[PDB]
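Okay, structure first, notes after.
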Amino acid sequence: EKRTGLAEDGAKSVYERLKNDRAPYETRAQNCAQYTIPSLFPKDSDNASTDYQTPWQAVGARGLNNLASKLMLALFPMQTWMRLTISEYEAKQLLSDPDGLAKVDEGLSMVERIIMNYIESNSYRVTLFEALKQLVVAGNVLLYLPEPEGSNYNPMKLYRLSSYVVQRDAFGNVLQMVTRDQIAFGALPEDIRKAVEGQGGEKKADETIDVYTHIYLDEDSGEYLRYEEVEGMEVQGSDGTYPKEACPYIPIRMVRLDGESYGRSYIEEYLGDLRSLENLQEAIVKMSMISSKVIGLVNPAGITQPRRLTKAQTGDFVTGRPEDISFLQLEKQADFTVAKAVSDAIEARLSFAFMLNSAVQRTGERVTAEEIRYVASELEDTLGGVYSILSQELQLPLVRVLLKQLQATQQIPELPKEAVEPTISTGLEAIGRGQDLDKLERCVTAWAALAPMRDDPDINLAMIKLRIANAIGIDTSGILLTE
Amino acid sequence: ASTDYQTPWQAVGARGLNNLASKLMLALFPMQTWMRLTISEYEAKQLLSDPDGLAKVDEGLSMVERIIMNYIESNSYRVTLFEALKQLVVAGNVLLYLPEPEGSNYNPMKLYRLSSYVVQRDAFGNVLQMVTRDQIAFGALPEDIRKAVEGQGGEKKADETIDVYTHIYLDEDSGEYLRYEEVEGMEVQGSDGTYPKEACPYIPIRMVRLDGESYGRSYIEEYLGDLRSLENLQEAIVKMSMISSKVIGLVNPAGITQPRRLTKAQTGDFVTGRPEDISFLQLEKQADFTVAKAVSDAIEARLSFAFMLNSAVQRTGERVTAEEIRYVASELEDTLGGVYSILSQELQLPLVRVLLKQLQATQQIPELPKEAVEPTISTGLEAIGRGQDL
Amino acid sequence: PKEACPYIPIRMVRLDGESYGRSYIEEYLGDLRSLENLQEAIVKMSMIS
Amino acid sequence: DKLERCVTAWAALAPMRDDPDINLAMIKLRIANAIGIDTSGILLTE
């Protein structure tokens, strides 16, 4: 009845203590936002009628959205993107019965379809796109998917970097998290209203109430404990025990670093050439505006005078020489050409770096056939390890929390006891279900090349079909007859 | 911890490291089967007769290859291997360690970058000893280590960091490794280990080996200087650009025009002055700018043929698995020197070998004969596909 | 009921802790207005001709 | 595009119904299941 161990002083205390170590990542987030798209991460004061200004450069703004879109095209497509398989007891099972694992395939495809349906229904696509924009501009996002509590609408609560905190060790084991939702008293969950009301004093409807959610490692066991706190007291009937692997609070980092509790954004690594673009581009716009100020210089040594140019109607003769009036130009030409040259040469870097279109995806883009393969292969070509690190950090828990809670609610089908608790694959190993569409297509054409004779003498047919199939990426374990 | 890394002035390095790591992964750990399990020196008894006889052996070994591949896909070795390849290209040494599986639950592979381990060798390359220096919190320790630390004395906080050390050493008696753990100056009870010579779970990987030298030197080291000569030569240019982005209006004092009258005038206001009086300060490095840009380009060309940056090879409609892995590996041995083969001997042999030991020590052995229970392994271009050439 | 509210308030680009929405044109307003000025002049400078 | 290219990939499986040394029941499912097809009424079970 007293929280001990890591949660010794309540959630607000831990949150305010760890906010100091949160702060620099937030500063980086603000800077990256100021150079890319300013609204996407405000400052903590600069809210509510603050008029974000566009950056002088446009490559940042294009680049953040393009990179988030391509990450979403390769990480959460229309297709099945997870894979549910069986290990270390299938050696009992997969030895015999190539007709036996077909029931297991049907059961697991049923489970994959039901997870995908829960994805499409509850609008995880919208919140995941938002989370990817946060994960590219800033370094850290925190997703939380609640208990479903019915088949009604249950979206996923996002947490941008300002409103949560995470402490780690030098591994990357998450020791503790605290979130800092600010909800109105009127729209609270019902149990929390009574817990706040018990503290005392009547409340207005729109008076803001800050909750804090704390998740911590136990001093006793290897499982998480969660509680809520409002105003300095643990919320009654909001206790929680969570297993080690099915933690519903998922903290996501884009680029990890050793012995460091948070993540650093992908835009950070190319920030400087971003800001060097900014300056170099800024000037140009400013230097343009100087050109847009006509000043007529009249030469005092001459004759012509502007009480007579101006008052004359059009096509009126008037007295004067033409060498007297001139106009003030701005003769930066060599500076303008060198500034434009380095501006271009820096946008080229940021275009190969942010996947801006260098004639890859323009020429008649389609869906689902060769497309997701190409997108993911390019996203691992550039971007470093974003697509794989992101797949380990994001998709494993997003399948794992779903697979826990949904099958803890819905129906378990026919499939055996070694496939009730399955293993999950997520990345390029899990796109499609089979290895490669091009493999199966060219393998079928290579089989069609084996037209001429069934019982062709002086040759084999049973092994060479297996060999042409087994040279390309085919399983060859149900594709070919044994007996 | 809040140090704000700065981007380099050149961009060829950044593109190049990621491209090289990606192409190494495309040719070293693809979607396909990438190891090969075969039989030697007793198959001469067996392969003489029964061309229908080795088909059962083929089926058994393809079953074992599939089960190793499944354990690869499930436990996310792809993510940690990509990280390890980026470490192995930028720095010279990585240390992978795959633990005992202890069930079919999630077991990823613990990486160790160069700062946190150490390796002593002889002038062969026999690994004599390794020590790793994981820094784990007291709260998230394994259960046996918590009691070993607690026995040392004093209560501990939850987030108080505890440095373990893992030591692996050659025996003075036999030719097998011995491992132990240590916290705070005492060997951890119930953490003893004896490991066979070939199935060592701690795999130290070097990119480019050198004789009589215990560590590895990165591939970026060999082209570092032309990298840094790019850096400087490029740096200036950006700096020299910024000088151009400072408008200073020089007004000629000998003349008439004066800037209390240019500025206050609205647009299209006549005002007095001659045009030869105001000019603007340019930066007249033009021949220096053209020679600097020329040598910059000519040095990026080298680093592009050196880091496999796109010189119109992989752009024109890239596909998967058919002619692709062959082409990638053949080019990665064309350039890069011996990276693809040295890396295959150092990396893929132990990563198959440790798996093949521990998994088949846990899971089921099929029908196949006694000369194929303990097989031989092929890894590189000899093992891409199963057959020789599509 | 909570889910079938016939009054639907729509925001284009949402922000945290802020009751309204900010338009998509806002984010590119400035380069919009810098076009405006830079273009305005030109038309004015034409008319002098 | 998935259904169209999947139907053409099935049409590539012309030559023989009862073609020896090969399966047909699973490979149609696999070529369909590599691209974005539900495969849950598209293919016969029983």
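Each chain of the structure tokens is named A, B, ... in the order shown, its residues numbered from 1; ligands are numbered from 1 in display order.
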
So which residues touch region 407-424 of chain A within 7 Å, counting only C-alpha atoms, skipping near sequence neighbours fewer than 2 positions away, as a PyMOL selection string?
(chain A and resi 82-86+89+103-104+107+403-405+426) or (chain B and resi 74)

Go ahead and save the residues from that selection, with N, CA, C and O atoms, as a JSON list (two decimals), in the first residue's frame.
[["chain", "number", "residue", "atom", "x", "y", "z"],
["A", 82, "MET", "N", 2.95, -8.26, -40.88],
["A", 82, "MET", "CA", 3.59, -9.07, -39.85],
["A", 82, "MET", "C", 3.58, -10.51, -40.31],
["A", 82, "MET", "O", 2.87, -10.88, -41.28],
["A", 83, "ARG", "N", 4.35, -11.34, -39.62],
["A", 83, "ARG", "CA", 4.38, -12.75, -39.92],
["A", 83, "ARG", "C", 4.37, -13.52, -38.62],
["A", 83, "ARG", "O", 5.16, -13.23, -37.74],
["A", 84, "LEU", "N", 3.48, -14.51, -38.52],
["A", 84, "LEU", "CA", 3.34, -15.33, -37.32],
["A", 84, "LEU", "C", 3.76, -16.76, -37.63],
["A", 84, "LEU", "O", 3.16, -17.40, -38.49],
["A", 85, "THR", "N", 4.82, -17.24, -36.98],
["A", 85, "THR", "CA", 5.41, -18.55, -37.33],
["A", 85, "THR", "C", 5.69, -19.35, -36.07],
["A", 85, "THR", "O", 5.42, -18.85, -34.95],
["A", 86, "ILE", "N", 6.25, -20.55, -36.26],
["A", 86, "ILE", "CA", 6.40, -21.56, -35.20],
["A", 86, "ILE", "C", 7.85, -22.01, -35.10],
["A", 86, "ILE", "O", 8.48, -22.23, -36.13],
["A", 89, "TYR", "N", 9.51, -26.50, -31.67],
["A", 89, "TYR", "CA", 8.62, -27.64, -31.48],
["A", 89, "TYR", "C", 8.00, -28.07, -32.82],
["A", 89, "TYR", "O", 7.33, -29.10, -32.90],
["A", 103, "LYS", "N", -3.27, -26.48, -41.90],
["A", 103, "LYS", "CA", -4.24, -26.02, -40.91],
["A", 103, "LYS", "C", -3.66, -24.92, -40.02],
["A", 103, "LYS", "O", -4.34, -23.95, -39.65],
["A", 104, "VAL", "N", -2.37, -25.06, -39.71],
["A", 104, "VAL", "CA", -1.65, -24.07, -38.93],
["A", 104, "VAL", "C", -1.51, -22.76, -39.72],
["A", 104, "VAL", "O", -1.66, -21.67, -39.15],
["A", 107, "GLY", "N", -4.92, -21.07, -39.67],
["A", 107, "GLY", "CA", -5.19, -20.48, -38.35],
["A", 107, "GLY", "C", -4.40, -19.17, -38.16],
["A", 107, "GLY", "O", -4.93, -18.13, -37.69],
["A", 403, "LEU", "N", -1.38, -8.62, -30.36],
["A", 403, "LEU", "CA", -1.50, -10.07, -30.34],
["A", 403, "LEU", "C", -1.79, -10.54, -28.96],
["A", 403, "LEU", "O", -2.37, -11.65, -28.78],
["A", 404, "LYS", "N", -1.38, -9.77, -27.97],
["A", 404, "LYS", "CA", -1.69, -10.17, -26.59],
["A", 404, "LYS", "C", -3.13, -9.83, -26.28],
["A", 404, "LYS", "O", -3.93, -10.72, -25.89],
["A", 405, "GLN", "N", -3.49, -8.57, -26.45],
["A", 405, "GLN", "CA", -4.80, -8.12, -25.97],
["A", 405, "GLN", "C", -5.97, -8.65, -26.82],
["A", 405, "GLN", "O", -7.00, -9.06, -26.28],
["A", 426, "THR", "N", 8.94, -9.17, -38.68],
["A", 426, "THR", "CA", 8.36, -7.86, -38.98],
["A", 426, "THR", "C", 8.88, -7.13, -40.21],
["A", 426, "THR", "O", 8.16, -6.45, -40.92],
["B", 74, "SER", "N", 13.00, -14.46, -36.90],
["B", 74, "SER", "CA", 12.13, -14.23, -35.77],
["B", 74, "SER", "C", 12.74, -13.34, -34.74],
["B", 74, "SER", "O", 12.06, -12.47, -34.19]]

Long-range neighbours of residue 29 (chain D) as a JSON list (two decimals) with C-alpha atoms, in the first residue's frame, 10 Å cut-off, only C-alpha atoms, 6 positions minimum in chain:
[["chain", "number", "residue", "atom", "x", "y", "z"],
["A", 434, "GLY", "CA", 6.57, -15.83, -49.20],
["D", 10, "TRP", "CA", -2.14, -17.64, -62.28],
["D", 37, "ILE", "CA", -4.48, -10.75, -51.49],
["D", 39, "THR", "CA", -6.43, -15.55, -49.71],
["D", 40, "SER", "CA", -9.45, -16.43, -47.57],
["D", 42, "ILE", "CA", -9.92, -16.69, -53.07],
["D", 43, "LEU", "CA", -8.63, -20.26, -52.58],
["D", 44, "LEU", "CA", -10.56, -23.46, -51.93]]

Find the spatial neighbours of region 480-482 of chain A, counting only C-alpha atoms, within a cut-off of 9 Å - ignore same-chain residues fewer than 2 positions away - and output them as a PyMOL selection string.
(chain A and resi 462+465-466+476-478) or (chain D and resi 20-24)

Those selected residues, please, written with N, CA, C and O atoms and delivered as a compact mmCIF listing (two decimals), in the first residue's frame.
# COMPACT_ATOMS: atom_id res chain seq x y z
N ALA A 462 12.72 -34.63 -61.80
CA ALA A 462 12.34 -34.47 -60.39
C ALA A 462 13.29 -33.58 -59.63
O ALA A 462 12.88 -32.83 -58.75
N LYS A 465 13.84 -29.43 -61.42
CA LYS A 465 12.81 -28.48 -61.04
C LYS A 465 13.10 -27.96 -59.62
O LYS A 465 13.01 -26.75 -59.36
N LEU A 466 13.47 -28.87 -58.72
CA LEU A 466 13.86 -28.51 -57.36
C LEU A 466 15.10 -27.63 -57.35
O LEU A 466 15.20 -26.71 -56.55
N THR A 476 10.74 -24.46 -51.20
CA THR A 476 10.85 -25.81 -51.78
C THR A 476 10.46 -26.90 -50.80
O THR A 476 11.07 -27.97 -50.77
N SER A 477 9.47 -26.60 -49.98
CA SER A 477 9.05 -27.51 -48.90
C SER A 477 7.53 -27.61 -48.85
O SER A 477 6.89 -27.37 -47.81
N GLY A 478 6.97 -27.98 -50.00
CA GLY A 478 5.53 -28.06 -50.20
C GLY A 478 5.23 -27.59 -51.60
O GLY A 478 4.21 -27.94 -52.19
N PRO D 20 3.49 -33.71 -62.96
CA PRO D 20 4.23 -34.45 -61.94
C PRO D 20 5.40 -33.66 -61.38
O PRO D 20 5.82 -32.63 -61.99
N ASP D 21 5.90 -34.15 -60.24
CA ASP D 21 7.07 -33.62 -59.52
C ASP D 21 6.91 -32.18 -59.02
O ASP D 21 7.90 -31.46 -58.91
N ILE D 22 5.68 -31.75 -58.73
CA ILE D 22 5.42 -30.36 -58.35
C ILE D 22 4.08 -30.31 -57.64
O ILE D 22 3.28 -31.25 -57.75
N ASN D 23 3.83 -29.23 -56.90
CA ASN D 23 2.52 -28.98 -56.32
C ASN D 23 1.84 -27.83 -57.05
O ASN D 23 2.50 -27.03 -57.71
N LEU D 24 0.52 -27.78 -56.94
CA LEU D 24 -0.26 -26.70 -57.50
C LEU D 24 -1.13 -26.02 -56.45
O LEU D 24 -1.44 -24.85 -56.59

Which of region 151-363 of chain B fall in strand (DSSP E), as a ChimeraX atom specification
/B:161-170,177-183,193-195,202-206,249-251,269-272,278-280

Only residues of chain A matter here; which ones have an atom within 9 Å of chain C, counting only C-alpha atoms? Give them as a CSV table (one decimal) with N, CA and C atoms, in the first residue's frame.
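And here is the file that came out, result20.csv:
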chain,number,residue,atom,x,y,z
A,37,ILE,N,9.8,22.2,-40.5
A,37,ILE,CA,8.3,22.6,-40.6
A,37,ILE,C,8.0,23.1,-39.2
A,38,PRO,N,7.7,24.3,-39.0
A,38,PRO,CA,7.8,24.9,-37.6
A,38,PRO,C,6.7,24.5,-36.7
A,39,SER,N,5.5,24.1,-37.3
A,39,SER,CA,4.5,23.8,-36.4
A,39,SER,C,4.6,22.4,-35.7
A,40,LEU,N,5.5,21.6,-36.3
A,40,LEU,CA,5.5,20.1,-36.0
A,40,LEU,C,6.0,19.8,-34.6
A,41,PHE,N,6.7,20.8,-34.0
A,41,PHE,CA,7.1,20.7,-32.6
A,41,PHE,C,7.2,22.1,-32.0
A,42,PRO,N,6.2,22.6,-31.3
A,42,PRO,CA,6.2,23.9,-30.7
A,42,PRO,C,7.2,23.9,-29.6
A,47,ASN,N,2.9,28.5,-27.4
A,47,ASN,CA,1.7,28.0,-27.9
A,47,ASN,C,0.6,29.1,-28.0
A,48,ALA,N,-0.4,28.8,-28.8
A,48,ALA,CA,-1.7,29.5,-28.6
A,48,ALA,C,-1.4,30.9,-29.2
A,51,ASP,N,1.9,32.1,-34.3
A,51,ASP,CA,2.3,32.5,-35.7
A,51,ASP,C,3.6,32.0,-36.2
A,52,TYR,N,3.7,30.7,-36.4
A,52,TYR,CA,5.0,30.1,-36.8
A,52,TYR,C,5.3,30.5,-38.2
A,53,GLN,N,6.6,30.7,-38.4
A,53,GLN,CA,7.1,31.4,-39.7
A,53,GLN,C,7.7,30.4,-40.5
A,54,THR,N,7.5,30.5,-41.8
A,54,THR,CA,8.1,29.4,-42.7
A,54,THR,C,9.5,29.5,-42.9
A,55,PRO,N,10.2,28.5,-43.1
A,55,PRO,CA,11.6,28.6,-43.1
A,55,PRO,C,12.0,29.1,-44.5
A,56,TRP,N,13.2,29.7,-44.6
A,56,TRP,CA,13.5,30.3,-45.8
A,56,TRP,C,13.8,29.3,-46.9
A,153,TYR,N,-15.0,2.3,-30.9
A,153,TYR,CA,-13.8,3.0,-31.5
A,153,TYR,C,-12.8,3.2,-30.4
A,160,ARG,N,3.9,13.1,-27.8
A,160,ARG,CA,5.1,13.8,-28.3
A,160,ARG,C,6.1,14.1,-27.1
A,182,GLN,N,-2.7,16.1,-19.9
A,182,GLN,CA,-3.5,17.1,-19.3
A,182,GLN,C,-5.0,17.1,-19.8
A,285,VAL,N,16.7,35.8,-50.9
A,285,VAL,CA,15.4,36.4,-50.9
A,285,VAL,C,15.5,37.8,-50.4
A,288,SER,N,16.8,39.9,-53.0
A,288,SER,CA,16.0,40.1,-54.1
A,288,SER,C,15.2,41.3,-53.8
A,289,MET,N,14.8,41.5,-52.5
A,289,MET,CA,13.8,42.5,-52.2
A,289,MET,C,14.5,43.9,-52.4
A,291,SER,N,16.3,44.6,-54.8
A,291,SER,CA,16.1,44.9,-56.2
A,291,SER,C,14.6,45.4,-56.5
A,292,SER,N,13.7,45.2,-55.6
A,292,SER,CA,12.4,45.5,-55.8
A,292,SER,C,12.0,46.9,-55.3
A,293,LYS,N,13.0,47.8,-55.3
A,293,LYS,CA,12.8,49.2,-54.8
A,293,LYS,C,13.4,50.1,-55.9
A,294,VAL,N,12.5,50.7,-56.7
A,294,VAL,CA,12.9,51.5,-57.7
A,294,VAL,C,13.3,52.8,-57.1

What does the distance between CA of residue 7 (chain B) and CA of residue 353 (chain A) come to in Å, to one decimal place?
12.4 Å

How many Å separate CA of residue 143 (chain A) from CA of residue 217 (chain A)?
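Distance between the two atoms: 18.7 Å.
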
Shell around region 270-277 of chain B at 6 Å using only C-alpha atoms, local window under 6 positions removed, as a PDB file with C-alpha atoms, in the first residue's frame:
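Generated file (part17.pdb):
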ATOM      1  CA  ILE A 295      14.885  54.667 -56.829  1.00  0.00           C
ATOM      2  CA  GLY A 296      15.349  57.137 -59.608  1.00  0.00           C
ATOM      3  CA  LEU A 297      18.651  58.901 -59.220  1.00  0.00           C
ATOM      4  CA  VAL A 298      18.546  62.327 -60.915  1.00  0.00           C
ATOM      5  CA  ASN A 299      21.921  63.804 -61.619  1.00  0.00           C
TER       6      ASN A 299
ATOM      7  CA  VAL B 251      29.167  54.647 -50.966  1.00  0.00           C
ATOM      8  CA  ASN B 252      31.919  56.617 -52.584  1.00  0.00           C
ATOM      9  CA  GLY B 255      30.667  61.633 -54.990  1.00  0.00           C
ATOM     10  CA  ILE B 256      27.371  63.178 -54.378  1.00  0.00           C
ATOM     11  CA  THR B 257      24.905  60.491 -53.508  1.00  0.00           C
TER      12      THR B 257
END

Identify which of the residues D:6, D:17, D:30, D:41 lies closest to chain A, counting only C-alpha atoms when measuring atom-to-atom distances.
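Closest to chain A of all the choices is D:30.
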
Return as a VMD selection string the full set of residues in region 10-177 of chain B whose backbone-based DSSP assignment is alpha helix (DSSP H).
chain B and resid 12 to 28 43 to 46 54 to 74 77 to 90 143 to 152

Go ahead and compute the interatomic distance for CA of residue 322 (chain B) and CA of residue 57 (chain B), in Å to one decimal.
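Interatomic distance here is 26.2 Å.
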